[PDB]
Each structure stands twice: as C-alpha cells, then as structure tokens.
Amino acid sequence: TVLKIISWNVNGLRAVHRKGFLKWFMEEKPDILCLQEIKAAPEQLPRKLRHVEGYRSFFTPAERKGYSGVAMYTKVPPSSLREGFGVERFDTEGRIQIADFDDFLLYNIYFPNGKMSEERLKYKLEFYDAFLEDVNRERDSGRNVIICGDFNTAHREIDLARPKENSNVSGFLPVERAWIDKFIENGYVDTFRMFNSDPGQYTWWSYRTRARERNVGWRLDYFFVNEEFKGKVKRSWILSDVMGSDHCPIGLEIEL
C-alpha cells in the first residue's frame, strides 16, 4: 500500500483557489496534503472553500493577521497535532504543525525567511536550532519522522540557478547551507536527492523577471526522513508543472 504526501507553499490559500487549487487537488488525490502560507483566518473561511470531500483538515494560523499559517488535509486523521516546539517566539507565527500518525510524525513546517533583516536572519537560524532540538528529541525516543515544507534555503550550488550571485543573499548564505549540512549530518535524509541527482530541479521562482520561464529558481521545499525510515521511501519528486503559486508542490510516496 502506497501513501502519497504532497507539500506546497501556496502563497495564500485564497489566491491559489482563484488559480485552480481544488481542480488540482481533486485530480492528484494525495493521502495527505501539507500546505504552507495560508495567510487567512481559518474561522473566516467558508466551508465551500475549506472543506474537501474525503478529507479531514487542520489549520494552524499565526498570531499576526493574514501572515504565514499552515494547514493539513488528510484522508485518515492523526491521533492529534502539536503546533509548536515549546518556545513562545517560534510557536506564534503559524509555522509549525506536527501530526502524529501511527507510523510517523509528520512535521509540516514553514521555516522563516531571513532576507528582511539581520534580526529575522537570527530568528531563522534559531528557529532552525529549535526545530533540530525538537525532531532530535522525537527521533531519539524511537519515533520515525517525515519533515516537509519550505526551508527557505537552497542546500548546494546545484539547488539554485545563480549560486554565485546569491552567495550573500539569505537563502544561500554559508551559515544557512551549513545548517542543512548539520541537519543531514544529524541523521536526516534529503529524499529528493535519493532519486534525482540532476540540476535545474527547483521549487520556487520569483514572480518577477520571467524567472519561471527562464528556470531561474531555487529548491526551497524538501521532504526529509530520518535514516531508519528511508527504506520506506519509494518516490520523492517535484510537481514542477503545477501552477498557482510562486512555489510548486513536491511529492513523497512511502510504502508501510
């Protein structure tokens, strides 16, 4: 039995709905769909918009109105979800949704963008720190873990079109890249690279400067699993032709 999980930074749920979201979701039929950047008060969402037949849904909004926010659709519900690491400043931005399924925890994470300022870059790296602490704690206790979402960093030079010009832009700073190295070193596997070693494989393109048509993109969205669980991973891929956001969806298929 295959379980298909999709992750997508939709850049606003209302926006992606105007651009074919429901038709796409109906045709793709994942078992679990993880979404980032909802940008909406869930309580203000009409049912025609939020509810999708055959799926349970769970929404984790930011304190700040219209900002960030994540959500999860699933055919089979988790036993519960956790919405933070236990650290106030990281738990109030609508960035963390951790669902407990039988066989794994599924981390649906919208990691912070560090471009804004040195303070937001500091926040990003310390968020990374708190995340690693959290997943390590769970992984240490014998849990298998799947982590998906927008990491807001391209790992290696192959993971973006313009590595040299972005050497001092947040998203490709040596400090950020080094954290992904560290995360991997700690026993988590970048599942896409298990199957695809090719260049030009990205998940985000600026809406500006015709980036998507020029494939001037960055691989910012990942599926990671812990080392012990990797044997269950059968596919990890990029749904590059799916429109509606500045990111495209990514997919994981696992056999349990």
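Numbers follow the displayed sequence, beginning with 1.
Quick check: 64-72 versus 30-38, which has the larger average CA B-factor in the record?
Looking at the recorded C-alpha B-factors, 64-72 comes out higher on average.
Higher mean Cα B-factor in the deposited model: 113-121 or 171-179?
The stretch with the larger average C-alpha B-factor is 113-121.
In terms of recorded Cα temperature factor, pick the maximum from 126, 83, 150, 100.
In this record, 126 carries the highest C-alpha B-factor of the candidates.
Which has the highest CA B-factor per the PDB entry: 213, 53, 190, 221?
Across 213, 53, 190, 221, the entry lists the biggest C-alpha B-factor for 53.
Of the three thirds of its chain by CA temperature factor, lowest, middle or highest, which one includes residue 46?
Highest third - that is where residue 46 ends up once the chain's C-alpha B-factors are sorted.
When the deposited Cα B-factors of this chain's modelled residues are ordered and cut into thirds, is residue 93 in the lowest, the middle or the highest one?
CA B-factor rank for residue 93: middle third.
Residue 140's Cα B-factor: lowest, middle or highest third of the chain?
Its C-alpha B-factor, which the entry lists for residue 140, ranks in the highest third among residues of this chain.
Quick one: classify residue 231 as lowest, middle or highest third of the chain based on its Cα B-factor.
Tercile = highest for this residue's CA B-factor.
Ranking the modelled residues of this chain by C-alpha B-factor as given in the entry, is residue 130 in the lowest, middle or highest third?
As the PDB entry reports it, the C-alpha B-factor of residue 130 lands in the highest third of its chain.
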